[PDB]
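>>> Task: produce atomic coordinates for the following.
(one chain, ligands or ions: 3)
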Amino acid sequence: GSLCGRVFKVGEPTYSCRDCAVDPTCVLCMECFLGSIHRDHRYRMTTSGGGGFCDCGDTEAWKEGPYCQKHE
Ligand SMILES: [Zn+2]
Ligand SMILES: [Zn+2]
Ligand SMILES: [Zn+2]
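Numbers count the residues shown, from 1 in each chain. Ligands and ions are numbered 1, 2, ... in the order given. Shown next is the structure:
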C-alpha cells in the first residue's frame, strides 16, 4: 500500500520470481525481494545494467504476493 517504485542503478541485483512473475520483465529490488513471500520461491537474479524499476506493489506484475512486508 506504499510505493517502492525505485529505479535500478548499474550493478544492482534484480529478482524475478519464476512462480509468480506475470512475465520475465517483472522484478523486485533486493530489499523488496528479501521481505516478500518470493524469497522462498524459485527465482531469477539478473544484475541490472541500469534502468528499469522495482515492481513491488504492482498487482499487474505478480500472480500472488505483489507487496513485500514494507510496502503492504
Ligand atoms: Zn523495491
Ligand atoms: Zn516492497
Ligand atoms: Zn513467488
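>>> CA atoms for contacts and neighbours, from now on please.
Fine.
>>> just the strands in the chain please.
Per DSSP state E, the chain carries strands over the ranges 13-17, 43-47.
>>> relative to strand 13-17, how tilted is the last one?
With axes from the mean of the first three to the mean of the last three Cα atoms, to 10 degrees defining the directions, strand 43-47 sits at 160 degrees from strand 13-17.
>>> Establish whether strand 43-47 and ligand 3 are in contact.
No - using Cα under 5 Å from the ion, strand 43-47 stays clear of ligand 3, with a minimum separation of 7.6 Å.
>>> which helices and strands sit right next to that strand?
strand 13-17 (3 or more Cα pairs under 8 Å, 6 or more residues apart in numbering; DSSP states H and E).
>>> any idea how far the strand it packs on is from the chain center?
Counting by Cα atoms, centre = their mean, to the nearest Å, strand 13-17 is centred 6 Å from the centre of its parent chain.
>>> contact partners of it?
Identification of contacts with strand 13-17 by Cα atoms under 8 Å, 6 or more residues apart in numbering yields 24-30, 33, 38, 41-48.
>>> 7 Å instead, please
Under the contact criterion Cα atoms under 7 Å, 6 or more residues apart in numbering, strand 13-17 has outside partners 24, 26-30, 33, 38, 41-48.
>>> of all the strands of the chain, which lies closest to ligand 1?
Of all the strands of the chain, strand 13-17 sits nearest to ligand 1, with 9.3 Å by Cα to the ion.
>>> With just CA atoms, put the closest one into PDB.
Only the C-alpha atoms of strand 13-17 are listed here, as PDB (Å, rounded to 0.1, in the frame of the first residue of the first chain):
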ATOM      1  CA  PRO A  13      20.700  -7.300  -8.400                       C
ATOM      2  CA  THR A  14      17.100  -7.700  -9.600                       C
ATOM      3  CA  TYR A  15      14.900 -10.600  -8.700                       C
ATOM      4  CA  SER A  16      12.100 -12.200 -10.800                       C
ATOM      5  CA  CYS A  17      10.100 -14.900  -9.100                       C
END
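>>> before we move on, back to that, could you identify the most distant pair in the contacts of strand 13-17?
Checked with Cα to Cα, the contacts of strand 13-17 reach their widest spread between 41 and 48, with 20.7 Å between them.
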